[PDB]
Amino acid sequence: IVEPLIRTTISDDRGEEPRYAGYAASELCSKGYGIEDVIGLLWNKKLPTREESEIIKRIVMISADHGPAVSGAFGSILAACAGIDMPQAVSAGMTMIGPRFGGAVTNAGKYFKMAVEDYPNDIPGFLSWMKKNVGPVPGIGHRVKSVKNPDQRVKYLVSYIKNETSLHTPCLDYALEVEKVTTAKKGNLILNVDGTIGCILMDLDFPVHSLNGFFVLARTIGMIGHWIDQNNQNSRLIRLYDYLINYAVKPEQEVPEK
């Protein structure tokens, strides 16, 4: 007897060419569809509308990289400088994505949805519940940006989605109202790009556990770029400078007789 080891629903390569949710890639190309549509097929088994496609495109472009200093890029750079090939080097950087690096996108969407359903018109109760049980509000706050120096990417994304699409964004609207409240207590408690993207993705009807995929995929663009960049330079193996390390170590000691 032979029972299947796994079950798949999204793709199939047993036919003439691979099929994404029933559609051939070459036919998707010939009829004008794009990367964003293949994302919808493989992650949601649904061809996105044009307005959804334009938003997916912009989220990925905006999320593609944040410079070499952050953990995902720097992990890929460390591996590149150790002479590791591209896929394995990028896998090391991608391993950094989780609760602290990228997690604000998923978490902001998760809790701003919970606020929409459990505190529809009780923002102080939401902030109060967050203050006791979570701490800082995911998606709110910036070290440099403020009300009079807002994030241009948030401005653009909010402007594009409200002026160039007809999409209903309950979570984003809630976050935008929270921004009005939070900026009162402290001026730098703005809606940041992670909260904006996290709320928009929740409003686009993607499964909750797929939301991290947009950050993972986008930052893979940057991590590949950094691997290529380090290989273009013939970079050498990295050792962190000693003065950058607080060696709070035990004093040198003699091993006791066994």
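Numbering starts at 1 and follows the sequence shown.
Visitor: Would you say residue 174 goes unmodelled in a third or more of the other compared entries?
Guide: Residue status for residue 174: gap in at least one third of the other entries.
Visitor: Answer yes if residue 105 is missing coordinates in at least a third of the other compared entries, and no if every one of them models it.
Guide: Modelled in all the others, so no.
Visitor: Could you check the entry and say whether 224-232 or 30-38 has the higher mean CA B-factor?
Guide: Result of the comparison: 30-38.
Visitor: Taking only the CA atoms, which stretch has the higher mean B-factor in the record, 78-86 or 142-150?
Guide: Higher of the two, by average CA B-factor, is 142-150.
Visitor: Just grab whichever of 159, 95, 71, 188 has the top CA B-factor as deposited.
Guide: 188 has the highest C-alpha B-factor of those listed.
Visitor: Once the chain's modelled residues are ordered by C-alpha B factor and cut into thirds, is residue 205 in the lowest, middle or highest one?
Guide: CA B-factor rank for residue 205: highest third.
Visitor: Which third of the chain holds residue 125 when residues are ordered by C-alpha B factor: lowest, middle or highest?
Guide: Ranked within chain, residue 125 CA B lands in the highest tercile.
Visitor: Considering only modelled residues of the same chain, in which third does the CA B-factor of residue 132 rank: lowest, middle or highest?
Guide: It falls in the top third of the chain.
Visitor: For the chain shown, is the CA B-factor of residue 170 in the lowest, middle or highest third of its modelled residues?
Guide: It belongs to the highest third of the chain when residues are ordered by C-alpha B-factor.
Visitor: Among the modelled residues of its chain, does the C-alpha B-factor of residue 155 lie in the lowest, middle or highest third?
Guide: Its C-alpha B-factor belongs to the middle third of this chain's values.
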